[PDB]
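Here is the structure we will look at.
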Amino acid sequence: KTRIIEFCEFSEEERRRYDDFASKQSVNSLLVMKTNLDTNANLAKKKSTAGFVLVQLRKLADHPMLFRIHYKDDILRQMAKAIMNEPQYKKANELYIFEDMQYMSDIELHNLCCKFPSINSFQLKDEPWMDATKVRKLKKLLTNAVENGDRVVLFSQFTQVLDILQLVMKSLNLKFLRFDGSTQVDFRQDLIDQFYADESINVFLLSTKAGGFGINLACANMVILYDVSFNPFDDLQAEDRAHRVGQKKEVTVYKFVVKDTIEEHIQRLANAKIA
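Numbering-wise, my numbering comes out as the position in the sequence shown, counting from 1, plus 245.
Structure (structure tokens):
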């Protein structure tokens, strides 16, 4: 367990969204007072702490194709026109299907069109997943599984980020097994045993909800955290699966970061106290 916290510089496409997300997020309501029933002096001040702002950022920080960046609004209509030729056909469904769809992200909307093959005219987009700061530094980190026979153990904050990675690894190296956070039914085995074979079963995708009370084998030397967390509940317990004394080689822990984004800020940037 050697801490290496390799930052990851911007792109043009990534800043495009993040820098232009200083405007819409900057709602002109706090530091203008909209008119209510009575003197709502602090109600609107505490209508603030809209942490959706925060969480949205800490998802922008992460893989930016889980935002709405492919189907604007009207391509979901062509899906909705070219999906009623199926068993999904009730009395009146053409507005409620397009409404329920238009709140799903571009990962949920990709994960039905390729699995349920009834809308295949505009599913793929030349693999837009690979094009992302973190996935390309991850493309660089798979080269550490080229020099040597190295297997990795990879963690995820949000479930959608797993589902991105579920089809990131249908592009560079093949994928086989998605260890979800909601896999705490009764001591999992088949999803954790037949692993560590040469080149057809290399890397396996873990989650936050997957507890830290236990671990698995430490043969997996490298560990990559896609994102960074909030409190000390899984600081050390997620990051002690290769904190051993019986290893025989080097073993480095790894967590992704960004350029000049709030993710760098929650990995503290302030100042220590000379007391």
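All C-beta atoms, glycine included, are put in the ideal place defined by N, C-alpha and C.
Residue environment, residue i, which counts as buried when at least 16 other CB atoms sit within 10 Å
{"i": "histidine 510", "result": "exposed"}
{"i": "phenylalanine 361", "result": "exposed"}
{"i": "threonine 284", "result": "exposed"}
{"i": "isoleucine 249", "result": "exposed"}
{"i": "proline 309", "result": "buried"}
{"i": "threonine 506", "result": "buried"}
{"i": "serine 401", "result": "buried"}
{"i": "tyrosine 471", "result": "buried"}
{"i": "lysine 336", "result": "exposed"}
{"i": "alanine 267", "result": "exposed"}
{"i": "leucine 462", "result": "exposed"}
{"i": "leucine 514", "result": "exposed"}
{"i": "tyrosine 441", "result": "exposed"}
{"i": "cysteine 464", "result": "exposed"}
{"i": "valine 406", "result": "buried"}
{"i": "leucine 386", "result": "buried"}
{"i": "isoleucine 519", "result": "exposed"}
{"i": "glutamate 508", "result": "buried"}
{"i": "residue 550", "result": "In the structure as shown, the chain starts at 246 and stops at 520, and residue 550 therefore has no counterpart that could be examined."}
{"i": "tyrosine 334", "result": "exposed"}
{"i": "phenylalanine 403", "result": "buried"}
Assumed close pair residue i, residue j - CB separation to whole angstroms, cut-off 8 Å
{"i": "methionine 467", "j": "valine 413", "result": "Actually they are not in contact, since the Cβ atoms of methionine 467 and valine 413 sit about 17 Å apart, beyond 8 Å."}
{"i": "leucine 311", "j": "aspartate 265", "result": "Rounded, the Cβ-Cβ distance is 17 Å, inconsistent with contact."}
{"i": "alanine 390", "j": "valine 397", "result": "7 Å"}
{"i": "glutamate 372", "j": "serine 416", "result": "5 Å"}
{"i": "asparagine 476", "j": "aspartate 408", "result": "That belief does not hold up - the Cβ atoms of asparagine 476 and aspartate 408 are roughly 25 Å apart, past 8 Å."}
{"i": "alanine 295", "j": "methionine 278", "result": "At roughly 17 Å, the Cβ-Cβ gap does not stay under 8 Å, so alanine 295 and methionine 278 are not in contact."}
{"i": "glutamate 344", "j": "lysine 504", "result": "With a Cβ gap of about 36 Å, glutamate 344 and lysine 504 do not count as contacting."}
Proximal residues to residue i (C-beta, below 7 Å), its chain only, five neighbours per side dropped
{"i": "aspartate 479", "result": "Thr453, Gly457"}
{"i": "residue 191", "result": "Lying outside 246 to 520, the shown extent of the chain, residue 191 is not represented and no answer is given."}
{"i": "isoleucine 314", "result": "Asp351"}
Cutoff 6 Å; reference residue i; Cβ partners in own chain excluding five residues on either side
{"i": "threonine 247", "result": "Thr497"}
{"i": "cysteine 359", "result": "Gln368"}
{"i": "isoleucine 342", "result": "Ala325"}
{"i": "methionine 346", "result": "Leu321"}
{"i": "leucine 410", "result": "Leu450"}
{"i": "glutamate 331", "result": "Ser363"}
Residues of its chain near residue i, where Cβ-Cβ distance is below 8 Å and the 5 sequence neighbours each way are ignored
{"i": "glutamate 251", "result": "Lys382, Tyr499, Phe501, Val502"}
{"i": "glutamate 258", "result": "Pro309, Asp376"}
{"i": "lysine 292", "result": "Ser274"}
{"i": "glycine 394", "result": "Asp443"}
{"i": "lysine 384", "result": "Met375, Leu417"}
{"i": "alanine 327", "result": "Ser363, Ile364, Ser366"}
{"i": "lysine 370", "result": "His315"}
Touching or not, the segment 294-308 and the segment 359-372, by the rule of three or more beta carbon pairs under 8 Å? no
Within the segment 316-404, ranges of the alpha helix (DSSP H) (whole runs, at least 4 residues): 320-326, 341-347, 355-358, 378-386, 389-392
Taking 8 Å as the cut-off, does the segment 477-494 touch the segment 449-469 (at least 3 CB pairs, one atom from each stretch)? yes
Inter-stretch contact at 8 Å, needing at least 3 Cβ pairs: the segment 373-388 / the segment 428-435: By the Cβ test, the segment 373-388 is not in contact with the segment 428-435, since fewer than three Cβ pairs between them sit closer than 8 Å.
With contact counted as at least three CB pairs below 8 Å, one residue from each stretch, are the segment 436-450 and the segment 404-423 in contact? yes
Ranges of the beta strand (DSSP E) found wholly within the segment 290-317, counting only runs of at least 3: none
Can you list, in chain order, the stretches of the alpha helix (DSSP H) that have 4 or more residues and sit fully within the segment 441-484? Listed in chain order, there is nothing to give.
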